[PDB]
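# Kindly return the folded structure for what I paste below:
(6 chains)
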Amino acid sequence: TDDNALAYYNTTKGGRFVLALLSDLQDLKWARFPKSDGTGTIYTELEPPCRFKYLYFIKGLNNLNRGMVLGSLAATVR
Amino acid sequence: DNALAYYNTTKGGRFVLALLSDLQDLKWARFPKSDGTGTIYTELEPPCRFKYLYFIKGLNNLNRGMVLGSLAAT
Amino acid sequence: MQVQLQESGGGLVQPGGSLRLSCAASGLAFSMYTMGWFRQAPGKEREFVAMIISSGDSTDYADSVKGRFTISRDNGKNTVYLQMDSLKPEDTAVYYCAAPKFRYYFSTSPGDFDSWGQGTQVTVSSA
Amino acid sequence: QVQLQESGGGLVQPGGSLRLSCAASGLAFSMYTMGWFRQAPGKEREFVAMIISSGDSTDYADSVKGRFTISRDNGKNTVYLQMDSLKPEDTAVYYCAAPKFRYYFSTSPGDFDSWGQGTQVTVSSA
Amino acid sequence: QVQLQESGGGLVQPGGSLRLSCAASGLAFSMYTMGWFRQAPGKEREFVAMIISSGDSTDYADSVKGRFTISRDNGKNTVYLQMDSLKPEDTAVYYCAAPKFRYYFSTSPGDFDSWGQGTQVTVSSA
Amino acid sequence: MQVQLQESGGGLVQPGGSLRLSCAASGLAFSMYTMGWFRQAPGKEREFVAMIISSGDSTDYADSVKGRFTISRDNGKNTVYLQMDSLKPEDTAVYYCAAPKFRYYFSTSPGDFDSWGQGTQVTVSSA
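Numbers count the residues shown, from 1 in each chain, chains lettered A, B, ... in the order given. Below is the structure:
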């Protein structure tokens, strides 16, 4: 199946960036996102995984929390 | 590599980033820098059919923050 | 339509005892929400206690209650529950059931919620 | 332990419409036949409409047949009452009613104990 | 340890063409997106063109679209810039740019440290 | 386009030690050439040291270095390497990477080459 968009890509037709999680275990249910301001963490439920090697799509992404999960990942790489 | 950020839980987990469109001829994706200091290009991978989904290559410690900051502006 | 949360089950109990909180949620597509509980002890900030996924078959707990509390839900009645065993005095607080703004998501930050019930008091004491 | 919050009422002009809502809290909603009652001033509560648990069959008082439409959302545990072509006679307090057992309903106001607070519906010139 | 030798520049007349070359030494060339930058007198280096590792997709600044053509030879580890319909505005020093990691490019001159010596391109009446 | 060869890796080392020469070749369809190394000791003529086939999986060495030197290449980076172990003083020379004029061919005669780099010095001594 398909999930929702992290951000929209203004270049292609009906183009969206999707965010997925890769892990070695196939039982995962939620993903964790420490917030950038350290006030807590954001949990997003995942889809049923795929095997390629286990890949989970995110279902909790909204037009709005998108910024908080984007902001979280940015703090993680730094 | 395709890692947008590293998951610190177990089994070496990473968040991957994919771009989806109606097309299958795509080869790269653009990410304008939020500062306006230019654009980052990263090559895509062979798409998968289920629309068309293309994983992203070219993610490194030098551009992860800029691509994240590019999608944050979006 | 507005979301309403009716919490109950609190009371006065002695250390080592148990209690069972309940929350009836009105006005939301309940089975698509991750639900959870927070608590606010006197003079302390409101903290996360536990959470349960929309489907009911996976959970998460604050470390301070792991092994003693059990969160569960009933998707037909739109109710969430918190089974609290082996109660300690530091468990004294007002307990709040929490419903997030969006579906399939939860935050451990009480600032990210705006549908708060009135809460239900839990007192763990000698009396 | 079973709570009913009703809303949607107001003051409208004859011929207008309204949509009442009732969110039910604390019961295995999708196994209950739900329905609505109304109570003009002084007169006793009367049956309006009922809808079976699954949501795909209904029954109406004859005074509202063809004008009202009852529906339900087993997801949100809510039942609705769409009111069209309103008449002054329709003025009354509207109540959402949940019976004491599953898969059954009664048009007797006396057979109920789960009553909401109601929502006022006033159909008049103002 | 990564060296870039550029060539092909010169002085031509508006409307003429030129073909720049850059042979790259010391990198797994076929895994890099390569591209070209240019720097007029005084002004800061600007992006010209880029071509992905495999050689079959490209992108150009808008001022050179339709006139320039970038290509590559993964055999000789060389990238090329065919310049047609030259304008005086095109005068500048041209630089071949190799990024610090594979499969990615940036149009920001600051994100590069592998810079050739350049090749002068002068488009004028003489 | 002209072929350019950038040699490196030489230095001063003591007998029995090792070194590793590198050569980055610019401007030629590298994977179709047999590449090799020569060396020219002070006052002696330039002599063949080793060679490697285009594909990288067969080699040849002068007798004086057999068993001690290893030539290898990397067709992606267009680089040739010379691993020199068990160095002796007679190994002192300027080392030159060599690219022949045509593809799939090599000569042990330094007169048959015209693309010579600047070389890199190897000194095998007590200091």
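# which residues touch residue A:29?
A:45, A:46, C:53, C:57, C:58 (CB atoms under 8 Å, 6 or more residues apart in numbering or on different chains). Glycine gets a C-beta too; all of them are placed from N, C-alpha and C.
# element containing the fourth one, please.
Okay, so that is residue C:57. Secondary structure from DSSP states H and E places residue C:57 outside every helix and strand.
# can you check the one 3 residues further on too?
Residue C:60 belongs to strand C:59-61 when assigned by DSSP H and E.
# Which residues does that strand contact?
Contacts with strand C:59-61, where a contact means CB under 8 Å, 6+ apart, come from A:30, A:43, C:49, C:50, C:51, C:52, C:53, C:69, C:71.
# Dump these to CSV, plus distance to residue C:15.
Formatted as CSV, the contacts of strand C:59-61 follow (distance: CB to CB, whole Å):
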residue, distance to residue C:15
A:30, 33
A:43, 31
C:49, 18
C:50, 20
C:51, 26
C:52, 26
C:53, 31
C:69, 15
C:71, 21
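# from the residues you listed, which ones fall inside helices?
Assigned to helices by DSSP state H, none of those qualify.
# buried subset of those residues?
Applying a neighbour-count criterion of 16 or more other CB atoms under 10 Å in any protein chain shown, the buried members of those are A:30, A:43, C:49, C:50, C:51, C:52, C:53, C:69, C:71.
# Which of those sits closest to residue C:19?
In terms of CB to CB, no member of the buried ones among the contacts of strand C:59-61 lies closer to residue C:19 than residue C:69, at 10.1 Å.
# just checking, the closest one touches residue C:49?
Yes: using CB atoms under 8 Å, residue C:69 is in contact with residue C:49, at 6.8 Å.
# for the contacts of residue A:29, which one is nearest chain E?
Checking the contacts of residue A:29 against chain E with CB to the nearest CB, the nearest one is residue A:46 at 27.3 Å.
# what touches both of residue C:69 and residue C:49?
Among the neighbours of residue C:69, those also in contact with residue C:49 (CB under 8 Å, 6+ apart) are C:61, C:82.
# how much space between the residue in chain C that chain B sits nearest to and residue C:108?
Taking CB to the nearest CB, chain B has its nearest neighbour within chain C at residue C:60, 13.0 Å off. To residue C:108, residue C:60 is 9 Å away according to CB to CB, to the nearest Å.
# Give the residues shared as contacts by the two.
A:43, C:51.
# in chain A, which spans are helices?
Under DSSP H, chain A gives helices at A:66-77.
# longest strand anywhere in it?
Ranked by residue count, the top strand of chain A under DSSP state E comes out as strand A:16-23.
# That strand to helix B:64-73, inter-axis angle?
Following axes from the mean of the first three to the mean of the last three CA atoms, to 10 degrees, one obtains 130 degrees for the angle between strand A:16-23 and helix B:64-73.
# Strand A:16-23 pairs with which strands, and in what direction?
The pairing partners recorded for strand A:16-23 under DSSP bridges are strand A:7-8 (antiparallel), strand A:54-57 (antiparallel), strand B:14-21 (antiparallel).
# which other residues reach that strand?
Residues from elsewhere that reach strand A:16-23 (CB under 8 Å, 6+ apart): A:3-9, A:28, A:31, A:46, A:54-58, A:61, A:69, B:4, B:7, B:9-21, B:53, B:71.
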